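**Student:** kindly return the folded structure for what I paste below:
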Amino acid sequence: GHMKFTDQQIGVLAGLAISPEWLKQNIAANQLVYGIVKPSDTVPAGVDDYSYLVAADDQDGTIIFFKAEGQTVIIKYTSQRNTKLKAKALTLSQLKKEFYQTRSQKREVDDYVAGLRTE
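**Tutor:** Numbers count the residues shown, from 1 in each chain. Here you go, the structure:
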């Protein structure tokens, strides 16, 4: 912990970085779930309390794992469910300066945080 931001707020940046259009299509109809891995369901290695973005209908379709630790985000995404994740490490600053530059944008980004499902 001892961090800043909230995971909710960071995941939008992490998926605007990785298929922003797929993030948008799903938020348009609220079809996007924000949920945590946990020792809960079938998952790959190295995500043990990572947040994962998927749509409720896109299970095998497309998926984006992320976790902010400190001032880094390790985005772990794939286009094939049955194979391991890629890795994009960025600083939390990188993502903020890509998808949180302006003041007006702080609406839209936080709007994508408030048009997700959580369960």
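
**Student:** helices of the protein, start to end?
**Tutor:** 7-16, 20-28, 92-99, 105-112 (DSSP state H).

**Student:** what's the longest one packed up against?
**Tutor:** If I follow you right, that is helix 7-16. Contacting helix 7-16 under the criterion 3 or more Cβ pairs under 8 Å, 6 or more residues apart in numbering; DSSP states H and E are the following elements: helix 20-28, strand 51-55, strand 63-66, strand 72-78, helix 92-99, helix 105-112. (Each C-beta comes from the backbone N, C-alpha and C, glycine too.)

**Student:** tell me the buried residues in the fifth one?
**Tutor:** If I follow you right, that is helix 92-99. Within helix 92-99, the residues scored as buried using 16 or more other Cβ atoms under 10 Å are 92, 94, 95, 96, 99.

**Student:** between the helices of the chain, which one is nearest to residue 49?
**Tutor:** Closest to residue 49 of the helices of the chain, according to Cβ to Cβ: helix 7-16, at 9.8 Å.

**Student:** dump that closest one to CSV, keeping only the CA atoms.
**Tutor:** Only the C-alpha atoms of helix 7-16 are listed here, as CSV (Å, rounded to 0.1, in the frame of the first residue of the first chain):
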residue,chain,number,x,y,z
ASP,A,7,-6.5,1.0,-8.9
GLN,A,8,-9.9,1.9,-10.4
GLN,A,9,-8.4,5.2,-11.7
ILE,A,10,-5.3,3.6,-13.1
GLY,A,11,-6.9,0.7,-15.0
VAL,A,12,-8.6,3.2,-17.4
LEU,A,13,-5.1,4.5,-18.3
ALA,A,14,-3.7,1.0,-18.6
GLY,A,15,-6.4,0.0,-21.2
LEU,A,16,-6.4,3.4,-23.0
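
**Student:** for residue 12, find the nearest of the helices and strands packed on helix 7-16.
**Tutor:** The closest of those to residue 12 is helix 105-112. By Cβ to Cβ, the value is 4.5 Å.

**Student:** centre of the chain versus the closest one, how much separation?
**Tutor:** Put simply, helix 105-112 sits 14 Å off its chain's centre (Cα atoms, centre = their mean, to the nearest Å).
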